[PDB]
């Protein structure tokens, strides 16, 4: 056998199919989880400055991060977390949030360790756990009671304390928390975070917290970082993404924040994998954060203006999608919302697909080809045994240009005529 056993069961990449199909039809692409408009001017200018400035920025920088970037991350997130952060010992710059996650799993997860993952989960958590020899253990958010004709809210998908507690064992190494959650758009409450924190402390478990959508919060909901809770800094790794912060997903710069006794192991993985991150994008991200720190909580800041603008896009999409009978679940954060397609499953059950194929995957293919709209089937964010049960949601991304939302409405109006 040529390949390593660590690759068992993790070769299938659903994203390649999704991207391929969308490219082959006339569509409004609401499946792409990135903006189709420019990043803010200050961010693009920052990168332009980095590639036209000091010529030595074309050469290697320091292994654990470009010092101006680790300095501003430590200062800014130190303030946000109520934590003294040492840029040398508590910050690691990585190749995006993906690279940060990978670094954490490869540092901490070992053969036989259990890792608690919360469904619906960003799909890589499962195969990253597996490649590190871990055993994924799933806890499932419970969709709230659908009442009195109103739309569901992500806030009401519950993390049951008894279910969660039952998942912790002596083999648990880590719990992966993603808030705001992709795909659901749930913003975890202080009470929910206190529940997770209490169990992590009880069982001596590390919390890997993926906070890439930190700034994308709506309706007055506040992002709370679990590392800011009492006793949690010493057992938490906090992950962010410049791409999701500054609407520049192609920059692929991320970071991990955490205490030295954990971070030293991530540094070991880093120096034995990529060694350096690119210099100039790090300089761009540092300049961008400096801009936002100076304007923090002011009306002209991107972190104030941008979520307000995207909240309007969310509301537009929520209203529009109902015109064809899709039932949105209102998100409190992230780039995304999901819609229940149960009415379609009930009335239109017989879509072509493979024998075991979840309805949502079949429905998305039908929607792309026939209605000209792309979404992502939510079953990809579930463990395989649960996919047959959570097969009736699809994920839309509303972080789109005005023109794209208008184009969406053109497709929806056509669909409504033939309902």
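Note that the rigid core is defined as the largest set of C-alphas that superpose within 1.5 Å between two forms. Positions refer to the first chain, counted from 1.
In 5 other deposited structures of this protein, superposed on the rigid core, the segment with the larger root-mean-square CA displacement between 395 to 403 and 14 to 22 is 14 to 22. Averaged over structures and residues, the CA distance from the shown form in 5 other deposited structures of this protein after a core fit is larger for 23 to 31, of the two stretches 370 to 378 and 23 to 31. When the other compared entries with both flanking residues are checked, residue 149 is unmodelled in at least a third. Higher mean CA B-factor, judged across 118 to 126 and 299 to 307 from the recorded values: 299 to 307. In this entry, the higher average B-factor at the C-alpha atoms falls on 149 to 157, of the pair 327 to 335 and 149 to 157. In the PDB entry, the Cα temperature factor peaks, among 194, 315, 211, 110, at 194. Looking at 259, 134, 243, 82, the one whose CA carries the top B-factor in the deposited record is 82. Annotation for residue 70: C-alpha temperature factor in the lowest third relative to the rest of the modelled chain, per the entry. The deposited CA B-factor of residue 167 belongs to the highest third of values across its chain. Split the chain's modelled residues into thirds by C-alpha temperature factor. Residue 38 is in the middle one. Annotation for residue 142: C-alpha temperature factor in the highest third relative to the rest of the modelled chain, per the entry. The PDB entry assigns residue 103 a C-alpha temperature factor belonging to the lowest third of its chain's modelled residues.
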